[PDB]
Amino acid sequence: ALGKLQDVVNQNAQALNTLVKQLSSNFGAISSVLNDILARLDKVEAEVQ
Amino acid sequence: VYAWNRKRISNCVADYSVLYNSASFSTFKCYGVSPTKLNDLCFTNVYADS
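- The deposited coordinates for this entry were obtained by cryo-EM, with a reported resolution of 3.22 Å.

Right under this line is the structure:
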């Protein structure tokens, strides 16, 4: 019966799960992880990633 | 060069500055890493193809 209230909790959970999983995406960089880029490259090469 | 030789390197500490500071090397170009940074990094496998 409470499906109307549970749907609002489900949509807010899916919105944050999608927002947070997108931190693991590369978007075309050498790596998804920002500290790995900075621990591997100097400014002129790193800023493009 | 048609028969190029691979050495595996493991279970040791690598001061790469002993290499990249040597003026003997007429070429020293790096990809996906800067040689300046190698003194802090760690790796699963290292190979030397020669």
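1. Topic: the overall build of chain B
Then step 1. Scanning chain B from N- to C-terminus turns up one helix and two strands.
Then step 2. When the helices and strands of chain B are read in sequence order from the N terminus, they spell out β-α-β.
Then step 3. The principal-axis extents of the C-alpha atoms in chain B amount to approximately 35 × 30 × 20 Å.
Then step 4. A total accessible area of about 4500 Å² is found for chain B, and carbon and sulfur atoms account for 55% of it.

2. Here we look at the environment of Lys-4 of chain A
Then step 1. By the secondary structure assignment, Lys-4 of chain A is in helix α1 (residues 3-21).
Then step 2. Remark: the alpha-carbon pair of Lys-4 of chain A and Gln-49 of chain A, spanning 45 residues in sequence, is separated by 44 Å.

3. Comments concerning unusual backbone geometry
Then step 1. Here the phi dihedral of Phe-27 of chain A falls at roughly 50°; this positive angle occurs in a residue that is not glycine.
Then step 2. Residue position: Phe-27 of chain A is located in the loop between α1 and α2 (34-38).
Then step 3. Residue classification places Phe-27 of chain A among the exposed residues on the basis of a relative accessible area of 69%.
Then step 4. Of note in the backbone geometry, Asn-11 of chain B takes a positive phi value of approximately 60° without being a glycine.
Then step 5. Mapped onto the secondary structure, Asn-11 of chain B falls in the loop between β1 (6-9) and α1 (17-20).

4. Notes on the interface of chain B and chain A
Then step 1. Chain B puts six residues into the contact, and the matching count from chain A is six residues.
Then step 2. Applying the counting rule to chain B against chain A returns one salt bridge.
Then step 3. Between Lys-37 of chain B and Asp-42 of chain A there is a salt bridge, and its shortest N-O distance comes to 2.7 Å.
Then step 4. Here chain B and chain A share five residue pairs in polar contact between them.
Then step 5. Of the residues belonging to the side of chain B that touches chain A, the class tally is two nonpolar, three polar and one charged.

About the thresholds
- Along every chain, residue numbers run from 1 in sequence order, not necessarily as the entry numbers them; residues that have no coordinates are omitted.
- By the order in which they are written, chains take letters starting at A while ligands take numbers starting at 1.
- In this view, a larger assembly is represented only partially, and all stated values concern the represented chains.
- With hydrogens and water set aside, each side-chain value is computed from the structure's full complement of heavy atoms.
- Helix numbering and strand numbering both begin at the N terminus, where a helix is a DSSP run of H or I of at least 4 residues and a strand a DSSP run of E of at least 2.
- For every accessible area listed, the method is Shrake-Rupley and the probe measures 1.4 Å; residues are considered covered only by the protein chains on display.
- Accessibility here uses a 1.4 Å probe with only protein chains present; expressed as a share of the type maximum, an area under 20% marks a residue as buried, one over 50% as exposed, and anything in between as partly exposed.
- When checking whether two residues touch, look at their non-hydrogen atoms; a contact exists if any pair is within 4.5 Å.
- We define a salt bridge as a side-chain nitrogen of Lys or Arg found within 4 Å of a carboxyl oxygen belonging to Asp or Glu.
- Think of a polar contact as two N or O atoms within 3.5 Å of one another; within protein, one of them needs to be a possible hydrogen donor and the other a possible acceptor, and neighboring residues in sequence only count if both atoms come from side chains.
- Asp, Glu, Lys and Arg are counted as charged, while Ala, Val, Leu, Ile, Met, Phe, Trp, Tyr, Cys and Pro are counted as nonpolar; the rest, among them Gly, fall into the polar class.

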